[PDB]
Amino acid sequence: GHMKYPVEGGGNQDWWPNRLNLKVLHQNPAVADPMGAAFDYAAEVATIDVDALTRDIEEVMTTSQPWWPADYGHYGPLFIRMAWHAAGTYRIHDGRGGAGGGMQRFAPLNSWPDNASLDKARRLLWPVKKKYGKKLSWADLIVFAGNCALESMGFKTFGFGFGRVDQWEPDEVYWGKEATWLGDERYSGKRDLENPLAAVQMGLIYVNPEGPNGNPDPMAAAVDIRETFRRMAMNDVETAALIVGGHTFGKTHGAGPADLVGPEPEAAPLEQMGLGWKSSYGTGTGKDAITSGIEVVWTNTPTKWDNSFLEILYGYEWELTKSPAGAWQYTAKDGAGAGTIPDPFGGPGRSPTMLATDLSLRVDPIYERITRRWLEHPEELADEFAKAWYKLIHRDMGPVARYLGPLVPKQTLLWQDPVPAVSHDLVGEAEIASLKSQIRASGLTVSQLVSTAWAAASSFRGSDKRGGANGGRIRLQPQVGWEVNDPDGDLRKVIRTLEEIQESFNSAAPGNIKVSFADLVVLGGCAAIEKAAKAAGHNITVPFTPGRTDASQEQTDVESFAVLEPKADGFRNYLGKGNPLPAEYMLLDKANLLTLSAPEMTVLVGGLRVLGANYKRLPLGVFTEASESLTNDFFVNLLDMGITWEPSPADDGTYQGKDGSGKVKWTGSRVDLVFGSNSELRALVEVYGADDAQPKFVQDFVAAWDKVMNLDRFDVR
């Protein structure tokens, strides 16, 4: 092998392949952003003329371009696929993927096999982005064009929201271990897909259209359709609704051999200006277009919304056959419906066709019942598709406070993890002072207050922006019962107390001022930190932002919140079972999800340890003699060359730090020690452990603690 220049590959990771990669904590650096610092997209889009924008998109859709002629003279279907794939990479496990960042325009998504041709699809929309500039992001545009396509072809969508902010660097996400496109090394046991993956192969949006492993078995394809969609937050009814709804439009492309198609976008020549899959088959486009290799046209209404997909799916019997490219697909038996389906450009007319995956909707018992019902009651499909497509394109958007524009529906949706609207005057400076005092007099320890606040706030993840302290869901199922927040003998006592303080406060509250349990949880932690700081001799006030509301069990989808449970949280020195990598890597991943930087992650760990936020109050990493006190003892002791570390005799995970006598003075985990071992983390440790660092430590820690508490507060920004 050979080492390359940094500009052509880089280094370090090359000498230490498994080396922890701290670049995960500084994704999308301000340095790479072309927009100013004062630039706020929300304020730009809120100004856009939606009506004018729709007409412009409608113009592109019906204005074919010679470098990629529009099937049936309408890029509409193409755009629906584009939007479906854009939001289609979403996974419920870590909440990554999705259309929220417009990652389809960057590697590796832009060059995924399943995304072939979408490069022309996006190029076609340049005229629009050009006209609206900064008032419209690609992320919003790539998916609004999909919504627009539907509406111009007869389907009334439920609504739409803008707010997706463009990024300038691709988000590095784990898509699997396969180093070969379409590879598959992600199954164990009885067809069990590895987490967090939500696709059956490397490079696909969901499943193989030719059936599992290319086996045209519709009944088997269904099991995979059911799971990958479930992992993309869609039940049986939504999955069926989505497939039918989409395949009611357009067609597939496979006019010729798939080996006449050149290299993907990221591997193509410069002269191709970012486009990929250049075909040498005939004209290489339009009538001779090759995308998937399949040559299917589901309905006789490619550019119109109607119940044809199902009338056709059930109207004929199917047989297995191949396309010009040699892929599996189905055609009506006995030459039925011959010459019934219109051609995209010329027009010899063709006969019905379906994908193995389309037949799963009729062969599978559950799907069959769903689509049968819609075969007889088409109105029901129209509805389900609306709800499902709305969800599909907005899943990773986060709190509804982020949906901007005149097309956002007013209705509340359970999958949006709803929170009640503020219904009273908010607590002010005086009230916030009083409560902090009432909470310090409640009897709750610093550890309990701090732990409860962290547990509640740290449930947020920047990927799909779900979770957080708003809603006060820490006292509802399933959070009240997570092992990490371990109720065993304390969380329940903290909740009851805060609830009493809320009760007593609201009844005595001044003129129409009331506080929520949700704010109390967070305020409790802020009150505890100020106390601890004083104990350490640092009179400081911890920022607090009121406004959180309390959600009810009924407004909280238990099953949906399952994915937010921490299987690991080094900030609390917690390591559950079944994580992909060792504890330290899991810490960086958590840090990533909380949107923390290396310094912030560092300051938080040290603070949390000495404050007693450790799971089960374990002594790991609690390198301090003090209690209830916010000091920098963690970093000072971590750099103490007087203590000798060795892995503990029994299990690993735990280490022992012996001193001179040979006695054990400290005990720590892989998370604790990595800060003293890693050359880049240590640098950050030598900063907060210096003699002049105590006051800076307290400042940064309080700032970071404040950032976590407000991770989910899009209502005030």
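Start at 1 with the first residue shown and count on from there.
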TODO: Could you settle it for me: does 488-496 or 556-564 have the higher average Cα B factor in the PDB entry?
DONE: 488-496
Task: 509-517 versus 381-389 - greater average Cα B-factor per the deposited record - done: 509-517
Open item on the list: Take the CA temperature factors straight from the PDB entry and tell me which of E194, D417, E178, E584 peaks.
Closed with: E194
Open item on the list: Highest recorded C-alpha temperature factor, please, choosing from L242, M601, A332, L608.
Closed with: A332
- [ ] Name the third of the chain's ranked CA B-factors that contains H253, choosing lowest, middle or highest.
- [x] middle
- [ ] Would you check the entry's CA temperature factor for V708 and let me know if it's in the chain's lowest, middle or highest third?
- [x] lowest
Task: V671 CA temperature factor, ranked by third within the chain - done: lowest
- [ ] Would you mind checking where the Cα B-factor of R475 ranks among the modelled residues of its chain, as the lowest, middle or highest third?
- [x] middle
Task: Chain-wide C-alpha B factor ranking for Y281, given as lowest, middle or highest third - done: highest
